[PDB]
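The chain below stands alone and is given as structure tokens, in the form deposited in one PDB entry.
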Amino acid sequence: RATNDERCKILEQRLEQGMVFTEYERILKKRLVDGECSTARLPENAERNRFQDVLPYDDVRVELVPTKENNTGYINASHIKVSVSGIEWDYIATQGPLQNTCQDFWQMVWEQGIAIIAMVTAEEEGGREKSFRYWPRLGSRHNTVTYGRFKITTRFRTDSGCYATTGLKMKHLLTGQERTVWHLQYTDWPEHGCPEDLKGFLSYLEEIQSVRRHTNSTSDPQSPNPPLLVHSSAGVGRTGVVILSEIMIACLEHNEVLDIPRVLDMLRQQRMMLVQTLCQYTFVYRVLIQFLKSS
């Protein structure tokens, strides 16, 4: 406990001295070398990128089983892994799907064994679409949609104010198998800047943990788990906030010295631009500080 309080004071003083600003600006936004993203840049894939300047690296892009319409099995999504005290935290960071990439998104969900989706954007912001509505609406008369080989059913939904929890069912039409998928949408991110309500975002992170609780069925606590799927509009800024926040809170578990810029450097090696603004980075500090205060 005193170890946590000391780490909390250290976090606060880094914020007080402005050192949080300095350390953020010296973290490179993209790989210095081997960051060509050549597959993402192919002309045939341009329609599959929401933003032409946010792309996955070739070595870590999520590869779909190729189809005739999608020869390279390309989707704008990156595998992210960071080990904390022997436990590998696995994530897939992807853009908000477009109308033409909903089939790819659900194929990705199926092939990667994904059971949890963390959507950290509203569907429209500022009069612009940020994510296609790739999952159906609630209501017995229209709660199903088919995207290629996948029929998706919205089964229930709860609204917790800063976020909503939707239960989905996904069916592989070729073979008939079904899987349940949880969809956790943070709806309170402001149009400009970063949220002032830390508690709401902390309760969202807590709900992600609660859904991991719902879906864990392996007796072995060291047994591997499918990655959490995290997406925003570009899949980098608010997406990085969720991933860095979860990893950093997990670092608080053991006696491992906290090194937030080190962890963010490793994340950016795996997907460019994660935690995309200065206020998002300071927000992570504030979340960790509020977390330690509530311990």
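Heads up: residue numbers just count along the shown sequence, starting at 1. Under this definition, the rigid core comprises the largest set of C-alpha atoms superposing within 1.5 Å between the forms.
This protein has a second form, the form solved in complex with a partner chain, left out of what is shown; the following refers to that one.
Would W89 show up as a contact with the partner chain in the deposited bound form if we use heavy atoms at 4.5 Å? Residue-level check for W89: no, no contact with the partner chain.
So in the deposited bound form, is the partner chain close enough to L138 to count as touching (4.5 Å, heavy atoms)? Within the cut-off, so yes.
In the deposited bound form, does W182 come within 4.5 Å of the partner chain, counting heavy atoms only? Contact check for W182: yes, within 4.5 Å of the partner chain in the deposited bound form.
Given that the partner is absent here, does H79 sit within 4.5 Å of the partner chain in the deposited bound form, heavy atoms only? Heavy-atom contact with the partner chain at 4.5 Å: absent for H79.
Let me know the one among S203, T187, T154, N225 whose heavy atoms come within 4.5 Å of the partner chain in the deposited bound form, would you? Spelling it out, the residue with a heavy atom inside the cut-off is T154.
The partner chain isn't shown here, but in the deposited bound form which of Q177, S83, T158, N71 has a heavy atom within 4.5 Å of it? Looking at the other structure, the residue within range turns out to be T158.
Name the stretch: of 203-211, 71-79, 89-97, 104-112, exactly one has residues whose heavy atoms fall within 4.5 Å of the partner chain in the deposited bound form. It is the stretch 203-211.
Considering only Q177, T144, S85, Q209, which residue exhibits a C-alpha shift of no less than 2 Å between the shown form and the other one, with the rigid core used for superposition? C-alpha shift of at least 2 Å: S85.
Say whether the C-alpha atoms of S140 and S131 sit closer together or farther apart in the deposited bound form than in the form shown here, given that their separation changes by 3 Å or more. It is closer: the C-alpha separation of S140 and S131 falls by at least 3 Å in the deposited bound form.
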